[PDB]
Structures are given as C-alpha cells and as structure tokens.
Amino acid sequence: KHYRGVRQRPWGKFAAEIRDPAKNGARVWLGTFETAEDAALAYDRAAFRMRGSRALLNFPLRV
C-alpha cells in the first residue's frame with residue numbers, strides 16, 4: 001500500500017524520492033509520477049545505482 005519513497009496525494013499524483021546519507025544527508029526528488037507503481041519503479045532504479053550491489057527497493061527485482 002505505502003511504497004517507501006513514494007508520497008501519494010489526495011488528487012492522483014505521486015512523488016518518487018530517496019534518502020542519500022552519502023551526500024551529507026541530502027534529499028533526491030526523482031520526480032512526481034501518475035501512480036504509485038510508476039513512482040515506485042523509478043525509486044528502485046535510483047536506489048540501485050546509488051546503493052550499488054543489492055538494495056532494499058519497493059520492488060526487489062529478482063526474476
């Protein structure tokens with residue numbers, strides 16, 4: 001229901017964002033999306049390039 005990094009609005013928009021501690025504690029707003037699935041998938045790509053090998057994403061790719 002709630003994706004880690006995706007904020008849902010009471011209108012129909014979402015927002016994919018990730019927390020990066022390596023950047024001295026700075027935010028990384030990927031961008032708003034149309035649904036929680038699109039904003040959640042975009043969060044996985046930024047949480048895999050920034051974290052590198054293996055990472056905890058809303059959609060833990062493994063197939």
# chains A, B, ... in the order shown; residues from 1 in each chain; ligands from 1
call {"tool": "residues_around", "arguments": {"residues": "residue 46 in chain A", "least_positions_apart": "3", "cutoff": "9 Å", "atoms": "only C-alpha atoms", "output": "ChimeraX atom specification"}}
result
/A:17-18,28,30,42-43,49-51
call {"tool": "write_last_selection", "arguments": {"atoms": "C-alpha atoms", "output": "PDB file, in the first residue's frame"}}
result
ATOM      1  CA  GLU A  17      12.223  10.393  -3.615  1.00  0.00           C
ATOM      2  CA  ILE A  18      15.200   8.647  -1.965  1.00  0.00           C
ATOM      3  CA  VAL A  28      16.941  13.245  -4.041  1.00  0.00           C
ATOM      4  CA  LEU A  30      13.354  11.875  -8.649  1.00  0.00           C
ATOM      5  CA  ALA A  42      11.574   4.903 -10.646  1.00  0.00           C
ATOM      6  CA  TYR A  43      12.631   4.765  -6.977  1.00  0.00           C
ATOM      7  CA  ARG A  49      22.583   2.937  -8.832  1.00  0.00           C
ATOM      8  CA  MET A  50      23.173   4.940  -5.639  1.00  0.00           C
ATOM      9  CA  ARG A  51      23.378   1.879  -3.366  1.00  0.00           C
TER      10      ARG A  51
END
call {"tool": "select_by_dssp", "arguments": {"residues": "chain A", "states": "strand (DSSP E or B)", "output": "MDAnalysis selection string"}}
result
chainID A and resid 6:8 14:20 26:33
call {"tool": "residues_around", "arguments": {"residues": "residue 37 in chain A", "least_positions_apart": "5", "cutoff": "12 Å", "atoms": "only C-alpha atoms", "output": "list in words"}}
result
residues 1, 2, 3, 4, 5, 6, 7, 8, 13, 14, 15, 16, 32, 42, 43, 44, 58 and 59 of chain A
call {"tool": "closest_residue", "arguments": {"among": "A:24, A:19, A:61, A:11", "to": "residue 41 in chain A", "atoms": "only C-alpha atoms"}}
result
A:61
call {"tool": "select_by_dssp", "arguments": {"residues": "chain A", "states": "alpha helix (DSSP H)", "output": "ChimeraX atom specification"}}
result
/A:36-49
